[PDB]
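Q: upload_14.txt is reproduced in full below (compact mmCIF, C-alpha atoms).
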# COMPACT_ATOMS: atom_id res chain seq x y z
CA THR A 1 0.00 0.00 0.00
CA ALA A 2 2.79 2.40 0.96
CA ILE A 3 4.82 1.16 -2.01
CA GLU A 4 2.90 3.62 -4.17
CA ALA A 5 4.28 6.35 -1.92
CA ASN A 6 7.61 4.53 -2.21
CA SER A 7 7.60 4.98 -5.98
CA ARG A 8 6.36 8.55 -5.57
CA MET A 9 8.93 9.42 -2.89
CA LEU A 10 11.46 7.80 -5.22
CA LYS A 11 10.39 10.23 -7.94
CA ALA A 12 10.64 13.02 -5.37
CA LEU A 13 14.12 11.73 -4.56
CA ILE A 14 14.87 11.84 -8.27
CA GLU A 15 13.72 15.47 -8.18
CA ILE A 16 16.14 15.98 -5.29
CA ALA A 17 18.68 14.24 -7.52
CA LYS A 18 17.81 16.68 -10.30
CA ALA A 19 18.40 19.54 -7.87
CA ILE A 20 21.75 18.01 -6.94
CA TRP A 21 22.47 17.55 -10.65
CA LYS A 22 21.81 21.23 -11.35
CA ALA A 23 23.91 22.11 -8.31
CA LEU A 24 26.76 20.12 -9.88
CA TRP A 25 26.13 21.92 -13.17
CA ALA A 26 26.31 25.13 -11.15
CA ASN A 27 29.67 23.98 -9.79
CA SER A 28 30.71 23.37 -13.40
CA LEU A 29 29.58 26.83 -14.52
CA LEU A 30 31.43 28.20 -11.50
CA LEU A 31 34.59 26.33 -12.50
CA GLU A 32 33.95 27.90 -15.90
CA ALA A 33 33.48 31.37 -14.41
CA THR A 34 36.57 31.17 -12.18
CA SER A 35 38.64 29.74 -15.02
CA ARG A 36 37.65 32.69 -17.20
CA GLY A 37 37.68 34.73 -13.99
CA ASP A 38 34.38 36.45 -14.79
CA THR A 39 31.36 36.91 -12.52
CA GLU A 40 28.42 36.69 -14.94
CA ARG A 41 27.70 32.97 -15.14
CA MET A 42 28.45 33.08 -11.42
CA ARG A 43 25.32 35.15 -10.87
CA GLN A 44 23.61 33.06 -13.55
CA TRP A 45 24.02 29.80 -11.63
CA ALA A 46 23.59 31.77 -8.41
CA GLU A 47 20.08 32.94 -9.31
CA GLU A 48 19.31 29.60 -10.95
CA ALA A 49 20.52 27.87 -7.79
CA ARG A 50 18.53 30.10 -5.44
CA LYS A 51 15.46 29.29 -7.51
CA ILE A 52 16.36 25.60 -7.52
CA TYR A 53 17.02 25.80 -3.75
CA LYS A 54 13.55 27.18 -3.15
CA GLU A 55 12.15 24.48 -5.44
CA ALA A 56 14.45 21.95 -3.75
CA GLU A 57 13.06 22.97 -0.37
CA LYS A 58 9.50 22.54 -1.66
CA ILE A 59 10.35 19.24 -3.40
CA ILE A 60 11.92 17.88 -0.21
CA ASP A 61 8.82 19.00 1.69
CA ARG A 62 6.58 17.09 -0.71
CA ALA A 63 9.07 14.21 -0.62
CA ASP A 64 8.93 13.91 3.16
CA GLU A 65 5.18 14.44 2.78
CA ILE A 66 5.18 11.35 0.58
CA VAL A 67 7.40 9.68 3.17
CA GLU A 68 4.69 10.44 5.74
CA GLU A 69 2.23 9.17 3.13
CA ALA A 70 4.20 5.91 3.06
CA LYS A 71 4.91 5.91 6.80
CA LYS A 72 1.42 6.22 8.30
CA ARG A 73 0.22 2.93 6.81
CA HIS A 74 2.22 1.15 9.46
CA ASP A 75 2.74 -2.60 10.02
CA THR B 1 5.92 -6.91 4.61
CA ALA B 2 8.08 -6.08 1.60
CA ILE B 3 6.77 -2.53 1.71
CA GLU B 4 8.49 -2.48 5.09
CA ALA B 5 11.93 -3.15 3.62
CA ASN B 6 11.21 -0.73 0.79
CA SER B 7 10.10 2.11 3.05
CA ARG B 8 12.97 1.54 5.49
CA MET B 9 15.75 1.46 2.92
CA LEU B 10 14.06 4.28 1.01
CA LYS B 11 13.81 6.61 3.99
CA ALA B 12 17.43 5.72 4.72
CA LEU B 13 18.33 6.47 1.10
CA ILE B 14 16.42 9.74 1.28
CA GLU B 15 18.13 10.92 4.47
CA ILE B 16 21.54 9.95 3.07
CA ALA B 17 20.70 11.90 -0.09
CA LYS B 18 19.69 14.73 2.23
CA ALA B 19 23.09 14.35 3.90
CA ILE B 20 24.70 14.68 0.48
CA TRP B 21 22.49 17.75 0.07
CA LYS B 22 23.59 19.05 3.48
CA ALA B 23 27.29 18.83 2.66
CA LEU B 24 26.48 20.02 -0.85
CA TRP B 25 24.64 23.18 0.19
CA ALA B 26 27.29 23.72 2.87
CA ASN B 27 30.00 23.75 0.22
CA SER B 28 27.59 25.75 -1.96
CA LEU B 29 27.34 28.55 0.60
CA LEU B 30 31.09 28.15 0.98
CA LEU B 31 31.31 28.47 -2.82
CA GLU B 32 29.25 31.66 -2.69
CA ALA B 33 31.76 32.68 -0.02
CA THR B 34 34.65 31.17 -2.03
CA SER B 35 34.60 34.45 -3.97
CA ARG B 36 37.27 35.47 -1.42
CA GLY B 37 35.89 38.82 -0.31
CA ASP B 38 35.89 37.64 3.30
CA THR B 39 37.87 35.14 5.40
CA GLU B 40 35.81 35.26 8.60
CA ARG B 41 33.63 32.76 6.72
CA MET B 42 36.13 30.39 8.31
CA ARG B 43 34.02 30.46 11.48
CA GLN B 44 30.77 30.08 9.54
CA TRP B 45 31.67 26.83 7.82
CA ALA B 46 33.99 25.49 10.53
CA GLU B 47 30.98 25.33 12.86
CA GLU B 48 27.60 25.41 11.10
CA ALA B 49 28.59 23.44 8.01
CA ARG B 50 30.54 21.18 10.37
CA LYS B 51 27.45 20.48 12.48
CA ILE B 52 25.10 19.39 9.68
CA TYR B 53 28.05 17.43 8.28
CA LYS B 54 28.60 15.42 11.46
CA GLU B 55 24.82 15.21 11.49
CA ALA B 56 25.01 14.09 7.86
CA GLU B 57 27.81 11.70 8.78
CA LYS B 58 26.14 9.69 11.54
CA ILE B 59 22.74 9.71 9.84
CA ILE B 60 24.40 7.75 7.05
CA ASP B 61 26.05 5.47 9.61
CA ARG B 62 22.81 4.77 11.46
CA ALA B 63 20.98 4.65 8.13
CA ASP B 64 23.26 1.75 7.25
CA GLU B 65 22.72 0.30 10.72
CA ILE B 66 19.18 -0.64 9.70
CA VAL B 67 20.36 -1.79 6.26
CA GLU B 68 22.25 -4.67 7.86
CA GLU B 69 19.35 -5.40 10.23
CA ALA B 70 16.71 -5.66 7.50
CA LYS B 71 18.55 -8.09 5.23
CA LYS B 72 19.44 -10.41 8.12
CA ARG B 73 15.90 -10.52 9.52
CA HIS B 74 15.28 -13.69 7.49
CA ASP B 75 18.03 -15.58 9.32
I need this file expressed as structure tokens, please.

A:
Amino acid sequence: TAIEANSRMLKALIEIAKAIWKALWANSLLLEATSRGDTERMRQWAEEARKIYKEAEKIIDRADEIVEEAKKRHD
Amino acid sequence: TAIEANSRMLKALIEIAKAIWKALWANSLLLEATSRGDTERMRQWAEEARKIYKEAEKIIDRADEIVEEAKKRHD
């Protein structure tokens, strides 16, 4: 019964993984920006990351919500 | 009864991913601070990023603690 919420929390975890993926891409763009020594793409990934952090917060909320959705149906 | 194993290992997985996200966002803030316009950030990361890290560290350890326990329940 909670396995539905397992699949769904898995998707949510994949969304968390997407967030992490974009964070890594942000690290890449930062390695790009510091290599070229600029500060544009820095603010690019910065803003993108802030957005994604907000969305990551929400996604994790819904994730843990789905965890609670899986958890309540106990034993 | 399988949903049990699923949910357990999945919550574990999620928290460990969240640990990755803890250390990640820690280094991320540090990367925002890695612009090198301030060095007092030493105290910031050395404590706050250290806390969630050691939090992130043992969560993984105790997350694994139940990984071993689940599998061997059929002994």

Q: Give me, as a list in words, the contact residues of chain A against chain B at a cut-off of 8 Å, counting all atoms listed in the file.

A: residues 1, 2, 3, 6, 10, 13, 20, 67, 70, 71 and 75 of chain A

Q: Let me make sure I understand: among A:12, A:19, A:5, A:33, which one has the smallest atom-to-atom distance to residue A:56 if we use only C-alpha atoms?

A: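 Checking each candidate against residue A:56, we get A:19 as the closest.
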
Q: Hey, can you check how far atom CA of residue B:9 sits from atom CA of residue B:68?

A: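 According to the coordinates, atom CA of residue B:9 and atom CA of residue B:68 are separated by 10.2 Å.
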
Q: Write out the coordinates of chain A as a PDB file with C-alpha atoms, keeping the file's coordinate frame after a least-squares overlay onto chain B built on all ordered Cα pairs.

A:
ATOM      1  CA  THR A   1       8.695  -7.890   5.431  1.00  0.00           C
ATOM      2  CA  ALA A   2      12.061  -6.185   4.958  1.00  0.00           C
ATOM      3  CA  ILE A   3      10.444  -3.769   2.503  1.00  0.00           C
ATOM      4  CA  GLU A   4       9.356  -1.688   5.485  1.00  0.00           C
ATOM      5  CA  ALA A   5      13.042  -1.363   6.336  1.00  0.00           C
ATOM      6  CA  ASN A   6      13.562  -0.696   2.625  1.00  0.00           C
ATOM      7  CA  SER A   7      11.286   2.338   2.786  1.00  0.00           C
ATOM      8  CA  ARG A   8      12.862   3.370   6.087  1.00  0.00           C
ATOM      9  CA  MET A   9      16.434   2.907   4.835  1.00  0.00           C
ATOM     10  CA  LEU A  10      15.293   4.859   1.778  1.00  0.00           C
ATOM     11  CA  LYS A  11      14.249   7.697   4.081  1.00  0.00           C
ATOM     12  CA  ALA A  12      17.605   7.342   5.832  1.00  0.00           C
ATOM     13  CA  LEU A  13      19.222   7.529   2.400  1.00  0.00           C
ATOM     14  CA  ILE A  14      17.189  10.660   1.769  1.00  0.00           C
ATOM     15  CA  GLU A  15      18.631  11.999   5.030  1.00  0.00           C
ATOM     16  CA  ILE A  16      22.071  11.130   3.661  1.00  0.00           C
ATOM     17  CA  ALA A  17      20.937  12.950   0.521  1.00  0.00           C
ATOM     18  CA  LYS A  18      19.961  15.922   2.678  1.00  0.00           C
ATOM     19  CA  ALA A  19      23.434  15.850   4.215  1.00  0.00           C
ATOM     20  CA  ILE A  20      24.936  15.768   0.727  1.00  0.00           C
ATOM     21  CA  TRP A  21      22.578  18.590  -0.258  1.00  0.00           C
ATOM     22  CA  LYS A  22      23.770  20.748   2.639  1.00  0.00           C
ATOM     23  CA  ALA A  23      27.348  19.826   1.759  1.00  0.00           C
ATOM     24  CA  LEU A  24      26.676  21.154  -1.753  1.00  0.00           C
ATOM     25  CA  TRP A  25      25.135  24.274  -0.218  1.00  0.00           C
ATOM     26  CA  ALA A  26      28.316  24.517   1.842  1.00  0.00           C
ATOM     27  CA  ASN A  27      30.315  24.317  -1.387  1.00  0.00           C
ATOM     28  CA  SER A  28      28.106  27.121  -2.707  1.00  0.00           C
ATOM     29  CA  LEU A  29      28.658  29.280   0.381  1.00  0.00           C
ATOM     30  CA  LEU A  30      32.361  28.522   0.012  1.00  0.00           C
ATOM     31  CA  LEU A  31      32.293  29.619  -3.632  1.00  0.00           C
ATOM     32  CA  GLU A  32      30.549  32.697  -2.245  1.00  0.00           C
ATOM     33  CA  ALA A  33      33.185  33.196   0.454  1.00  0.00           C
ATOM     34  CA  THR A  34      36.142  32.730  -1.912  1.00  0.00           C
ATOM     35  CA  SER A  35      34.529  34.967  -4.517  1.00  0.00           C
ATOM     36  CA  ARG A  36      34.168  37.708  -1.911  1.00  0.00           C
ATOM     37  CA  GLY A  37      37.432  36.394  -0.465  1.00  0.00           C
ATOM     38  CA  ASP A  38      36.146  36.499   3.116  1.00  0.00           C
ATOM     39  CA  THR A  39      36.368  33.783   5.772  1.00  0.00           C
ATOM     40  CA  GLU A  40      33.133  34.235   7.741  1.00  0.00           C
ATOM     41  CA  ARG A  41      30.614  32.146   5.820  1.00  0.00           C
ATOM     42  CA  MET A  42      33.539  29.751   5.471  1.00  0.00           C
ATOM     43  CA  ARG A  43      33.431  29.105   9.207  1.00  0.00           C
ATOM     44  CA  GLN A  44      29.636  29.294   9.009  1.00  0.00           C
ATOM     45  CA  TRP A  45      29.359  26.342   6.624  1.00  0.00           C
ATOM     46  CA  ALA A  46      32.356  24.791   8.369  1.00  0.00           C
ATOM     47  CA  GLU A  47      30.598  24.596  11.741  1.00  0.00           C
ATOM     48  CA  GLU A  48      27.299  23.756  10.052  1.00  0.00           C
ATOM     49  CA  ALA A  49      29.087  21.013   8.123  1.00  0.00           C
ATOM     50  CA  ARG A  50      30.849  19.590  11.177  1.00  0.00           C
ATOM     51  CA  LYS A  51      27.461  19.420  12.868  1.00  0.00           C
ATOM     52  CA  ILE A  52      25.912  17.886   9.758  1.00  0.00           C
ATOM     53  CA  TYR A  53      28.873  15.462   9.538  1.00  0.00           C
ATOM     54  CA  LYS A  54      28.250  14.278  13.075  1.00  0.00           C
ATOM     55  CA  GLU A  55      24.543  13.989  12.257  1.00  0.00           C
ATOM     56  CA  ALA A  56      25.473  12.381   8.926  1.00  0.00           C
ATOM     57  CA  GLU A  57      27.572   9.814  10.771  1.00  0.00           C
ATOM     58  CA  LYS A  58      24.661   9.056  13.110  1.00  0.00           C
ATOM     59  CA  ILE A  59      22.144   8.991  10.229  1.00  0.00           C
ATOM     60  CA  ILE A  60      24.337   6.569   8.275  1.00  0.00           C
ATOM     61  CA  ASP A  61      24.629   4.438  11.412  1.00  0.00           C
ATOM     62  CA  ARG A  62      20.848   4.289  11.742  1.00  0.00           C
ATOM     63  CA  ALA A  63      20.618   3.769   7.976  1.00  0.00           C
ATOM     64  CA  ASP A  64      22.906   0.742   8.027  1.00  0.00           C
ATOM     65  CA  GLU A  65      21.025  -0.273  11.177  1.00  0.00           C
ATOM     66  CA  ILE A  66      17.882  -0.244   9.054  1.00  0.00           C
ATOM     67  CA  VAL A  67      19.838  -2.107   6.385  1.00  0.00           C
ATOM     68  CA  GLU A  68      20.581  -4.761   9.018  1.00  0.00           C
ATOM     69  CA  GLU A  69      16.895  -4.512   9.927  1.00  0.00           C
ATOM     70  CA  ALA A  70      16.086  -5.330   6.295  1.00  0.00           C
ATOM     71  CA  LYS A  71      18.944  -7.814   5.905  1.00  0.00           C
ATOM     72  CA  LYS A  72      18.331 -10.233   8.785  1.00  0.00           C
ATOM     73  CA  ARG A  73      14.940 -11.339   7.459  1.00  0.00           C
ATOM     74  CA  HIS A  74      16.764 -13.397   4.884  1.00  0.00           C
ATOM     75  CA  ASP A  75      15.370 -15.546   2.041  1.00  0.00           C
TER      76      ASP A  75
END

Q: What does the structure give for the distance between atom CA of residue B:61 and atom CA of residue B:16, in Å to one decimal?

A: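 Between these atoms lies a distance of 9.1 Å.
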
Q: Quote the spacing between atom CA of residue A:23 and atom CA of residue A:45 in Å to one decimal place.

A: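 Going from atom CA of residue A:23 over to atom CA of residue A:45, I get 8.4 Å.
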
Q: Got a moment to write stretch 15-31 of chain A out with N, CA and C atoms, as a PDB file, in the first residue's frame?

A:
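Once written, part_6.pdb looks like this:
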ATOM      1  N   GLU A  15      13.780  14.011  -8.076  1.00  0.00           N
ATOM      2  CA  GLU A  15      13.724  15.466  -8.182  1.00  0.00           C
ATOM      3  C   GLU A  15      14.819  16.097  -7.320  1.00  0.00           C
ATOM      4  N   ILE A  16      15.013  15.559  -6.119  1.00  0.00           N
ATOM      5  CA  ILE A  16      16.138  15.976  -5.286  1.00  0.00           C
ATOM      6  C   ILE A  16      17.446  15.718  -6.033  1.00  0.00           C
ATOM      7  N   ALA A  17      17.499  14.594  -6.740  1.00  0.00           N
ATOM      8  CA  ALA A  17      18.677  14.237  -7.519  1.00  0.00           C
ATOM      9  C   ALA A  17      18.870  15.218  -8.672  1.00  0.00           C
ATOM     10  N   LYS A  18      17.763  15.669  -9.254  1.00  0.00           N
ATOM     11  CA  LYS A  18      17.813  16.681 -10.303  1.00  0.00           C
ATOM     12  C   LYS A  18      18.385  17.968  -9.731  1.00  0.00           C
ATOM     13  N   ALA A  19      17.883  18.361  -8.563  1.00  0.00           N
ATOM     14  CA  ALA A  19      18.398  19.539  -7.873  1.00  0.00           C
ATOM     15  C   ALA A  19      19.905  19.416  -7.658  1.00  0.00           C
ATOM     16  N   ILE A  20      20.330  18.275  -7.123  1.00  0.00           N
ATOM     17  CA  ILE A  20      21.752  18.006  -6.939  1.00  0.00           C
ATOM     18  C   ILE A  20      22.498  18.075  -8.273  1.00  0.00           C
ATOM     19  N   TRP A  21      21.873  17.546  -9.321  1.00  0.00           N
ATOM     20  CA  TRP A  21      22.469  17.548 -10.652  1.00  0.00           C
ATOM     21  C   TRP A  21      22.706  18.984 -11.125  1.00  0.00           C
ATOM     22  N   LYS A  22      21.693  19.831 -10.966  1.00  0.00           N
ATOM     23  CA  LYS A  22      21.810  21.232 -11.354  1.00  0.00           C
ATOM     24  C   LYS A  22      22.816  21.963 -10.469  1.00  0.00           C
ATOM     25  N   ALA A  23      22.891  21.571  -9.201  1.00  0.00           N
ATOM     26  CA  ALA A  23      23.913  22.111  -8.312  1.00  0.00           C
ATOM     27  C   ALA A  23      25.305  21.772  -8.846  1.00  0.00           C
ATOM     28  N   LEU A  24      25.495  20.524  -9.265  1.00  0.00           N
ATOM     29  CA  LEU A  24      26.758  20.122  -9.880  1.00  0.00           C
ATOM     30  C   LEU A  24      27.026  20.926 -11.152  1.00  0.00           C
ATOM     31  N   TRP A  25      25.997  21.089 -11.980  1.00  0.00           N
ATOM     32  CA  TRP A  25      26.127  21.920 -13.173  1.00  0.00           C
ATOM     33  C   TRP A  25      26.483  23.354 -12.792  1.00  0.00           C
ATOM     34  N   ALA A  26      25.963  23.812 -11.656  1.00  0.00           N
ATOM     35  CA  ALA A  26      26.309  25.134 -11.150  1.00  0.00           C
ATOM     36  C   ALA A  26      27.786  25.171 -10.754  1.00  0.00           C
ATOM     37  N   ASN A  27      28.252  24.110 -10.098  1.00  0.00           N
ATOM     38  CA  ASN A  27      29.675  23.983  -9.788  1.00  0.00           C
ATOM     39  C   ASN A  27      30.516  24.018 -11.060  1.00  0.00           C
ATOM     40  N   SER A  28      30.035  23.350 -12.105  1.00  0.00           N
ATOM     41  CA  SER A  28      30.713  23.371 -13.401  1.00  0.00           C
ATOM     42  C   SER A  28      30.783  24.791 -13.964  1.00  0.00           C
ATOM     43  N   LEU A  29      29.631  25.456 -14.036  1.00  0.00           N
ATOM     44  CA  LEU A  29      29.575  26.834 -14.521  1.00  0.00           C
ATOM     45  C   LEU A  29      30.437  27.755 -13.668  1.00  0.00           C
ATOM     46  N   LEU A  30      30.553  27.439 -12.381  1.00  0.00           N
ATOM     47  CA  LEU A  30      31.428  28.205 -11.503  1.00  0.00           C
ATOM     48  C   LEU A  30      32.890  27.941 -11.847  1.00  0.00           C
ATOM     49  N   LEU A  31      33.234  26.676 -12.078  1.00  0.00           N
ATOM     50  CA  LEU A  31      34.586  26.325 -12.503  1.00  0.00           C
ATOM     51  C   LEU A  31      34.897  26.987 -13.839  1.00  0.00           C
TER      52      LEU A  31
END
